[PDB]
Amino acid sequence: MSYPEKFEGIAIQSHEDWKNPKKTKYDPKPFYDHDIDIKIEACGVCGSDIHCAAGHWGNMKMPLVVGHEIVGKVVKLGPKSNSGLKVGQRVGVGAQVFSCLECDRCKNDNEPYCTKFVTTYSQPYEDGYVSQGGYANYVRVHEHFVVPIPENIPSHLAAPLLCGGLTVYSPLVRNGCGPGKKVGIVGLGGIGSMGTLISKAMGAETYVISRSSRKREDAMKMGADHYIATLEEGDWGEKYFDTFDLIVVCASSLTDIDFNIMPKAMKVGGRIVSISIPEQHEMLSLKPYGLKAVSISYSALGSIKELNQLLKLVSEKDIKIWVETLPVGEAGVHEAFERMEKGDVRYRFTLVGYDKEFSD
């Protein structure tokens, strides 16, 4: 029906026909004192959307609206709400939609690693409602995770940062990525493109690292102080031996990723940090011997504290990420859900045209 009660968006009808989302109307999550209702106007098509919609992450309950790089307008604060959010204000939610905010971790800015963590979609809340939102009219989120968007940042250009940008940002800041450091980005995909700008933005000699040579022109436009083509090396770890401090692996999969060479190109004390979560069958397989004064580990999202620093950073030195917009609705989604599985994107797909698409 209408906003008060029923919500509407483009939802996956089943993993089988996942490439065919349909306009749907569903029941919103029950409202709570800190919750907030945001009318969406721009969501970013993230690689994670594709995996879930497909089913690489187990069978998800359908219907199921996807999308978690949300940017919209505030349209209803909650009783005990409070944080500075004016109604009708421009905000944005990312991949985390809940946390308990009391454990040492939450209180210490590590909400992604909280025991009570709940992602923006396909996960039921402690009350049983399976999160939704993203490719729909509005989203209902707990005010702690809804952030403010600087004005000098376009909506279609901000959304991608709520997840993809934050995800690369977090391990970069946390691992000392600034003047003097040699940072390598592995996989110039969506998050890979942002990781290179953000890396440069923080003033760190950035090295983009892909397989083919196809993306050399782009990676070079982005600011990459050097590029590397895996296929044209036979063993790059030996050539770039002892060079990097940090390396962030941003790859949809982890098969065409050799983890027994990489360690060589690391400084003693270097750090290989992966961001991926592939088909629930894969594994990070690498010979143990090679982690000689070189560590490996995985990282999830980032703290809403950081999601801000990022936005602040982009806003300041004006970071122009690479986004190609689409018409929200059964069509635009399909295309995105098509071209993403073809790597056929100028890195980030940002659905827009939310307005002339749903109507009350």
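We number the residues from 1 along the sequence you see.
Notebook entry, point to check: Looking at the entry, does 201-209 or 161-169 show the higher mean C-alpha B-factor?
Noted result: Between 161-169 and 201-209, it is 201-209 that shows the higher mean C-alpha B-factor.
Next item on the list: Compare the mean C-alpha B-factor of 275-283 with that of 117-125 as given in the PDB entry, and name the stretch with the higher value.
Entry: Taking the mean C-alpha B-factor of 275-283 and of 117-125, the larger value falls to 275-283.
Check: For the listed residues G195, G270, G88, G184, which one has the largest C-alpha B-factor as given in the deposited model?
Finding: Answer for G195, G270, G88, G184: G88, with the highest C-alpha B-factor.
Item checked: Which of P112, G237, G190, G94 ranks first by CA B-factor in the deposited coordinates -> Among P112, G237, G190, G94, the highest C-alpha B-factor in the entry belongs to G237.
Check: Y298: which third of its chain by C-alpha temperature factor?
Finding: Tercile = lowest for this residue's CA B-factor.
Checklist line | Entry-reported Cα temperature factor of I36, expressed as the chain third it lands in | finding: Middle third by C-alpha B-factor.
Next item on the list: Please place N175 in the lowest, middle or highest third of its chain by C-alpha B factor as given in the entry.
Entry: As the PDB entry reports it, the C-alpha B-factor of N175 lands in the lowest third of its chain.
Margin query: Considering every modelled residue of the chain and its Cα B-factor in the PDB entry, is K305 in the lowest, middle or highest third?
Written below: Lowest third, going by the recorded CA B-factors of the chain.
Next item on the list: Place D104 in the lowest, middle or highest third of its chain's C-alpha B-factors, as listed in the PDB entry.
Entry: Ranked within chain, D104 CA B lands in the middle tercile.
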